[PDB]
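Laid out below as structure tokens are two forms of one and the same protein chain, each shown alone and named structure 1 and structure 2.
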Structure 1
């Protein structure tokens, strides 16, 4: 064996973010709105870095698809096009690759020309996905063999996505070890794992599995960063990269590249003849525009910097190694212009039709049986809760706050654009696994905030759960009268205080906003298994209409609220 060097360049979890998106940083001491990401910047940066560095290896760690209308309106073809233009060496399957079933994955893979790897996701012969990817590949650098193994997250995909029954999944840790062990006798001592298992599982693999040198990560969406990125108050979770020892005592490196086309990770690796990795270069490149630099003025308005203040802002960004400004790729620009124009036409098409009476929503209807409201209150909120309930086969009930719906939902045609109009906040679906007693408590919390302590927008409505409550609390301080949960037997049953339910809600109240105290306490406590699904609210609404293209409006809100009189 001889020593060799590799230049790993990687992204993950772009989730159909073909265009840039807004974020906030602390620049020269002030909170500043800026634009980051987009696939034109990704491809431009990959193209420039791969020509600059010896032995580049260009990787995508999964969840190419789902998250914007660029997926929904094109079935993956837009994502395939921009990925092809980046000339990635390998792509591994994520969890969202299965969101539209085997059928949906096939539609991505057909136009995609990037080699696909996944060692623990294995289709049977009759599957439409048979022979569409391989478990590993071996490439040669300066005479040396290097293996790369693909890997997906298991439970999350099986439970929260929609793979077909003819696709078999295998344990992440076992697959990683068995794959690496088999490669040894082929004279291979340099092994890369391209894994959508998430940071937590990949860190476990690093510490429990031998013979794997680098684990390029997706699924967790973590920014692995450095002091430069910390100085901008970006959400840095870990240093780029993390380092462990495996049971044999050899170093293992683990790193992710944030999400949503925001970062190109850049890791230079030298391997000893015996295949031990060391780091020669480590840069998480944040892709940023120079054109939006907005700060909040004294009237509360976000305004562009001007004059010397703008110059100082630009100078600071230009001086940073980990910020890359205004990268753009001509080919990718052409593709995105084409898809953007098509998207604007397609988004005006009808996804479904609603018949019947208007479903009351907005501020006036937040609380049932109040002046200016109606006896059912915000039926539109129940509707939104139903769109959330429809996402996951595993979910027992969902809860949505009335303030998350800004107007009545009226009968007539519903377009893709309309869904984004109905739901302007950009929430994703978030789940907890929680006892019935806590479900009762969060409803109590929300009603208390809505009626007494805060905004009426906190008032809760659910799908798969229905309740009666009094405005006036009883002797024990409780407003709830009855709570039922739908047996997914299809009969309504009394909630069970001791049963652990899988509960879905929006990301906003999941963190405890709007007085949802109970959710606030469950957040980050692993006992409750909290997870951000990254399924956007407007997209959930679109799926619901696709399922009910001729939907008869609900006439009840799953809430009976006895107002004080």
Structure 2
């Protein structure tokens, strides 16, 4: 065994953020709007750093895809192209990789030339994903063997993404230890884990599992930082590398690179002959533009700095080692110019007009009456539900999960791109015939998942149904105070547990995802006459808008949540 030094460069969770995005910092004492990220800055910085450092190891810790129109419109081909241009050594699968099913994942993997690793996600032989990735790789540096293992988060993928049933998932901690243990007898004492299990689970692995030296993290989107970054009031969660001792007393380093192509992590690691890691360099590079520097003027208006105030702002950023200004890569610039111009072209198309008041939607408004939300919660989800109700003509009632609607819906023109921003998942519409008591329970299941067990995106809003609920469950464990269904006489009347209703919803929750346990029990059980309408979600919405000139926005969500 010999000692070796590695230069780890990594990103994670870029989520199809190919362009820079806006963030706020505290610079020279003032809240300042700047632009950060974009894949051009990422590839440029990776290219420069890798050429400067010995033994570069370039990693992407997962969730390359989903989150912007660059995914929705181009099905992952845009992301594959920019990642190829980055010449990453390895990519691990995240949870959102499965958001569009095995088919969706395949469309990313076909054009991707980066080796893919995932040890706890294993496709059956009949899967279209069979032989598309390996559990680990071994590469050699200066004579010595180093192993790298891939790992994915399980529950969030299985419960809230859409992996095919022919893809099997295994416990994160056990997989990490079994993999690492097996690698030892191949003469290996230097082991990297490229893990989308999230910071919480990766920290648990560092504390409970032996033989793993560095855990490059994805899924939690945490900025790991330093005093420089803290001085700018960036959202620093942890120091960049956390250092733990495993049960054998060996150091384990854990780190993430924020998200949305904002950061390139830069960790220089020295391994002793016996495989004990130590840190030689540690820099989270925040990728920032120098072009946007806006501060509120004396009137309260965001205005670009000018004159010497601007010079001072720029000069301060230049003085920081963890800030990287105006990186850009020509090859990546061209790729992004191509897709961006096609995206802009598509947005030229107006599909309709909404009048009136803005309809709150997106993450912050998923649950009514919470901090960050508003008293009605996701009116935009109620609106989408009304849209499904109308185009499913014969239905008594529709339910849509708040996570299925990705933004506020504002008055004015609605573009083709807006439709695919609100509804990016490509679900078809689905219907069941089910009794009133079952409708009540599916609402309970969804709220339990949204409020306790899983994702806020589960929170349910409906059309032709309205309800009141409390955060705090009561005696018999229930949250529902009352539910009413619209008599299609046009009068609202209490739901009765024993009548059979035709219920419309999207195919995602229809399969039991997002904790819609009842729906999942009904699925593939003739007794409930489930039917895939094959009507695509966004296409159906565009049709709705074309058939409803000047649609008046809703001002309530059909949910009263205490």
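Positions refer to the first chain, counted from 1. Heads up, when I say rigid core I mean the largest set of C-alphas that superpose within 1.5 Å between the two forms.
Hinge assignment between structure 1 and structure 2, with options 395, 347, 135, 320: the rigid parts meet at 347. The smaller of the two rigid parts turns by 88° against the larger between structure 1 and structure 2, as judged from C-alpha superpositions. Here residue 342 exhibits a Cα shift of 1.4 Å between structure 1 and structure 2, evaluated on the superposed rigid core. For residue 483, the displacement of the CA atom between structure 1 and structure 2, after superposition on the rigid core, amounts to 3.7 Å. Core superposition gives residue 170 a CA displacement of 0.3 Å between structure 1 and structure 2.
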